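*Asks:* Dropping the structure in here first, questions after.
Residue numbers (the numbering used here), protein chains in the order written: chain Z, 1 to 487; chain U, 1001 to 1487.
Laid out in structure tokens, this is it:
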């Protein structure tokens, strides 16, 4: 579309033609002076009442430049206005399914859907708080950490100033906090981010906090720390606690590559799976050339280690790696699933995700692409977790209440955004987006169709699962790969 | 637009209606199952040849999910394909004016336009390298720093391993480097980013590098460091060199607020300027309530300080603040302009911007909004600089070769992207975007219309300018504010 005799108003206002494409709105002056306005630069666009000299169209740009045009005919202006609105629309959460999806729930039924999972009852299920552990108001208003829940559990020995200090020495402020307590063995699973152990940076409160966790364990005074090496493969620190300054720690390599290597691996997987005109030999060659199986295999190994450190040689473990939200979330969860029967329940698996990913800020919006954020901040970290829980159902066909159907359906709604549960990257924004009042919860939806997901071969009711890994047993999940491309 | 009897292909493929809006492409199943595809989620969209059973339309999403549709009529499919292409277009540099603008230059004339400004001749103009300073291949392949030029100048005393170490202790790797040398006084202006002085983190190579700069000064062994306080107003460090570990340093507060306070200030300025139906009293009340004048006043003060430390008490200065690209760029430039006559030349002012902002990675694409990046990463930091150079022309109407016209025209093409000079955030991407082969240079364009920009009241040819500041002398730039809104 093209409009002639248009005026770009200026009190210091020449006439020209105004062109409109899908890329930009271009104004060519009577002389030749071209003014370009890329649609993705428009902040706002108004259209004031028609005057004796034309229809005014004001455009506000993202660099604070306001442009004023006079389009001769209202008809022409009206088409430019309506198409500038369509072409200047930016990525929003309110555009997602969850905000429009309404299954005739008279609001009261919706509020009860969010109150279904109460983590204050999950921690109380594990006997927390007790004399060893307590709750801290440290995040009551998201003060100490942003990507952490409002309610946090720390040792009853460790006090308020110890917490404030540690958070300042840990990446993103994700300080050592209780991820799971074992009532019977009195051992703990703690989660955090890497410490900023730059050159010879020392933080007393952090040293004292790790000391508090070991001292909270009345059976083993030796603690474990899970991370990546050689030379850390995940600026102000090599992210390792200095063993000379933390004289009560043991280190173990997880060997699990970063989110960029995960996304890359999956590309070659879906690139092999998605393609046809292949051979059985060539398909699996390319399938293993992706090293995707090697990735999930090394994920499980970290869970197998963490469970063995709690079960065999009773000792509290600290999982952090780097940012403590991707691989730390994977291990903390998979580990806790191997040692607790309740998390193998349908409702127990919902409370597990709700705690370890939803409340403890997993970046779903960033890793799953809920908006138009960074392509590099996108990886299948919760897909890898579910594939690990699948291998466990294939390993132990009686230990889990649910089957392959429950996992695939959880994997469906994360990629569908029908429910406001995995919307955002942390619990602070989830509350800011008013999801508990604007959307609907997935968990009570699956708590209706239980029958289909239910494993009939399941043993009604308390031991620790021992999954094996020898490269051979680990094999491809065809029903997973099918969800990305249905061919 | 709405298409009936559409098939969403699945080998595990039901029929339904396919709706298309400006926000999303929605598929409603025969049952009720809705599948949402937000246009800003589409990566690719192909349309293979028409079959006896319909026109196949494959959509690849940003979460690696591939969707396959069969639209009954090719006509209907063709309209959906063409509109999905228009609605899935993402922000690109190639969309900007500079890539399309072609003023009939037979390419040879374009290559000579980039070779116009040679910084290897600017540093050689200042007698660098000499026995005190030298060039380092440390960034020959952008190894040591990303937001820094390929060519860097460091003391001839300081060696290659000293540089590698310092870069690891400085934020973004922006280590102490020569920003300007004073041949006659033998004093230096050095630029860097804040050090990561976390808790008690010490870096020997950094301590030795600052020592090398003072030792390179044969007149004063005392050095200066310019930054922000109280408690730093700009995680792993309070960004201050520890004076007990750098026992040859003096600190001075710049008092210049961060980019968020700059952008906010300008909003209230343009909000007052842009509005009408006011009063003379109310306009300036709101104009000063923005505190924009207080901002440019405190910017100049830092330049006035830096020039006084070089001129009065001969001593090398280190400007860094935090990231050393916004306020550090402002001060390093404004300061060097006050003490050197050559930068007050029309060509000399071009080489000044080329060095201090273009080569030393100022974030033009981020602060000016060249794409659709973060709204919070947008501030008028180079606009504030030009407003300071204006107050200097108003202060000294004979000291500068150019006038108000040259500044406003430089301010025009930064917001016009007609020339590939301020495209990007650093010199590494400028080379990656192949700007020297795909676009055209601004500097030789202004080196044609010199006549209009030229100050006729200018003194043909070597002292240091003394600008005064007492709140009163500083007053509003109406011709600046007019460029944002021409009312």
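For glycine and all other residues, C-beta sits at the position ideal for the given N, C-alpha and C.
Is the separation between the beta-carbon of residue 192 (chain Z) and that of residue 176 (chain Z) shorter than 8 Å?
*Replies:* Yes.
*Asks:* Give me the subset of the segment 407-426 of chain Z whose CB atoms are less than 9 Å from a CB atom of chain U, sorted by chain position.
*Replies:* Hits within the stretch, in order: 415, 416, 417, 418.
*Asks:* Where residue 135 (chain Z) and residue 163 (chain Z) are concerned, what is the direct C-alpha to C-alpha distance, given to the nearest angstrom?
*Replies:* About 12 Å.
*Asks:* So with CB distances below 7 Å, who are the chain U contacts of residue 9 (chain Z)?
*Replies:* The answer, in chain order, is 1486.
*Asks:* Who are the near neighbours of residue 1185 (chain U) in its chain, counting only those whose CB is closer than 8 Å to its CB and skipping five residues on each side?
*Replies:* Closer than 8 Å at Cβ, skipping near neighbours: 1219, 1310, 1311, 1314.
*Asks:* I'd like to know if residue 1482 (chain U) contacts chain Z, where contact means its C-beta is closer than 8 Å to some C-beta of that chain.
*Replies:* Cβ-Cβ to chain Z under 8 Å: yes for residue 1482 (chain U).
*Asks:* Look at the Cβ atom of residue 1209 (chain U), then the Cβ atom of residue 1138 (chain U), and state whether they are nearer than 8 Å.
*Replies:* Contact: no.
*Asks:* As a quick exercise: from U:1398, U:1446, U:1035, pick the residue whose alpha carbon is nearest that of residue 1413 (chain U).
*Replies:* The residue with the shortest Cα to Cα distance from residue 1413 (chain U) is U:1446.
*Asks:* Checking contacts by CB at 8 Å: is residue 1324 (chain U) closer than that to chain Z?
*Replies:* It does not; no Cβ of chain Z falls within 8 Å.
*Asks:* Check the Cβ of residue 390 (chain Z) against every Cβ in chain U and list those closer than 8 Å, keeping chain order.
*Replies:* Neighbours of residue 390 (chain Z) on chain U: none; closest Cβ ~16 Å, over 8 Å.
*Asks:* Ends of the beta strand (DSSP E) at residue 1069 (chain U)?
*Replies:* Start and end: 1066-1071.
*Asks:* Provide the residue span of the alpha helix (DSSP H) that contains residue 375 (chain Z), from first to last.
*Replies:* Premise fails: residue 375 (chain Z) is in no alpha helix (DSSP H) and is neither H nor E.
*Asks:* Which of helix, strand or coil does DSSP assign to residue 195 (chain Z)?
*Replies:* Correct three-state label for residue 195 (chain Z): strand.
*Asks:* When the Cα atoms are used, what is the spatial distance from residue 148 (chain Z) to residue 253 (chain Z)?
*Replies:* Near 25 Å, if we compare the C-alpha coordinates of residue 253 (chain Z) and residue 148 (chain Z).
*Asks:* Give the C-beta separation of residue 1339 (chain U) and residue 1298 (chain U) to the nearest angstrom, bearing in mind that I take them to be a contact with Cβ-Cβ under 8 Å.
*Replies:* About 20 Å separates the two Cβ atoms, so there is no contact after all.
*Asks:* From residue 234 (chain Z) to residue 257 (chain Z), what does the alpha carbon distance come to, in whole angstroms?
*Replies:* Between residue 234 (chain Z) and residue 257 (chain Z), the C-alpha separation is close to 6 Å.
*Asks:* Determine the direct distance from the alpha carbon of residue 482 (chain Z) to that of residue 291 (chain Z), and round the result to whole angstroms.
*Replies:* The straight-line gap from Cα to Cα measures roughly 18 Å.
*Asks:* Return the Cβ separation of residue 67 (chain Z) and residue 80 (chain Z) in integer angstroms, given the expectation that the two are a contact with Cβ distance under 8 Å.
*Replies:* Not quite, the Cβ-Cβ distance comes to about 12 Å (not below 8 Å), so this is no contact.
*Asks:* Counting pairs of beta carbons, one from the segment 435-449 of chain Z and one from the segment 465-482 of chain Z, are three or more of them closer than 8 Å?
*Replies:* These segments do not touch.
*Asks:* By alpha-carbon positions, which one of Z:402, Z:347, Z:418 ends up nearest to residue 119 (chain Z)?
*Replies:* Closest by alpha carbon: Z:347.
*Asks:* Around the Cβ of residue 214 (chain Z), are there at least 16 other Cβ atoms within 10 angstroms (buried) or fewer (exposed)?
*Replies:* Residue 214 (chain Z) should be labelled buried.
*Asks:* Using 8 Å as the limit for Cβ to Cβ distance, is residue 1069 (chain U) near chain Z?
*Replies:* By this cut-off, residue 1069 (chain U) is not an interface position.
*Asks:* Can you tell me the Cβ-Cβ gap for residue 1194 (chain U) and residue 1255 (chain U), rounded? I've got them flagged as a contact below 8 Å.
*Replies:* In fact, because the Cβ distance is near 16 Å, the residues do not count as touching under 8 Å.
*Asks:* Applying the criterion that 16 or more other CB atoms from any shown protein chain within 10 Å of the CB defines a buried residue, is residue 1228 (chain U) buried or exposed?
*Replies:* Buried, since its Cβ has 16 or more Cβ neighbours within 10 Å.
*Asks:* Between residue 1248 (chain U) and residue 1211 (chain U), is the Cβ-Cβ spacing less than 8 Å?
*Replies:* Going by C-beta atoms, residue 1248 (chain U) is nearer than 8 Å to residue 1211 (chain U).
*Asks:* Can you look up residue 166 (chain Z) in the DSSP assignment and give me helix, strand or coil?
*Replies:* Note: residue 166 (chain Z) maps to helix in three-state DSSP.
*Asks:* Give a yes or no on whether the C-beta atoms belonging to residue 165 (chain Z) and residue 205 (chain Z) are separated by under 8 Å.
*Replies:* Yes, these two residues count as a Cβ contact at 8 Å.
*Asks:* Scan the segment 1087-1157 of chain U and note each continuous beta strand (DSSP E) run of 3 residues or more that stays entirely inside, going in chain order.
*Replies:* Segments of the beta strand (DSSP E) lying fully in the segment 1087-1157 of chain U: 1133-1136, 1152-1155.
*Asks:* Nearest-angstrom Cα distance between residue 151 (chain Z) and residue 131 (chain Z)?
*Replies:* Roughly 18 Å separates the two Cα atoms.
*Asks:* Leaving out the 5 sequence neighbours to the left and right, which residues in its chain are closer than 6 Å to residue 362 (chain Z) when beta-carbon positions are compared?
*Replies:* Closer than 6 Å at Cβ, skipping near neighbours: 325, 329.
*Asks:* Within the same chain, show all residues whose beta-carbon is closer than 6 Å to that of residue 462 (chain Z), passing over the 5 residues directly before and after it, in chain order.
*Replies:* If we look at residue 462 (chain Z) and ignore the five residues flanking it on each side, its Cβ neighbours are 341.
*Asks:* Taking 8 Å as the CB-CB cut-off, is residue 1210 (chain U) touching chain Z?
*Replies:* False, the Cβ-Cβ gap to chain Z never drops below 8 Å.
*Asks:* What residues from chain U crowd round residue 198 (chain Z), counting only those whose CB sits closer than 7 Å?
*Replies:* Per Cβ cutoff of 7 Å: 1196, 1198, 1201, 1236.
*Asks:* Are the C-beta atoms of residue 1091 (chain U) and some chain B residue less than 8 Å apart?
*Replies:* Looking at the structure shown, chain B is missing, and the protein chains on hand are Z and U.
*Asks:* Rounded to whole angstroms, how far is the Cβ of residue 1489 (chain U) from the Cβ of residue 1323 (chain U), which I believe are closer than 8 Å?
*Replies:* Nothing can be reported for residue 1489 (chain U), as the shown portion of chain U is limited to 1001 through 1487.
*Asks:* Could you pull out every residue in the same chain whose Cβ sits closer than 6 Å to the Cβ of residue 1366 (chain U), ignoring the five residues on either side in sequence?
*Replies:* Contacts found: 1373, 1377, 1425.
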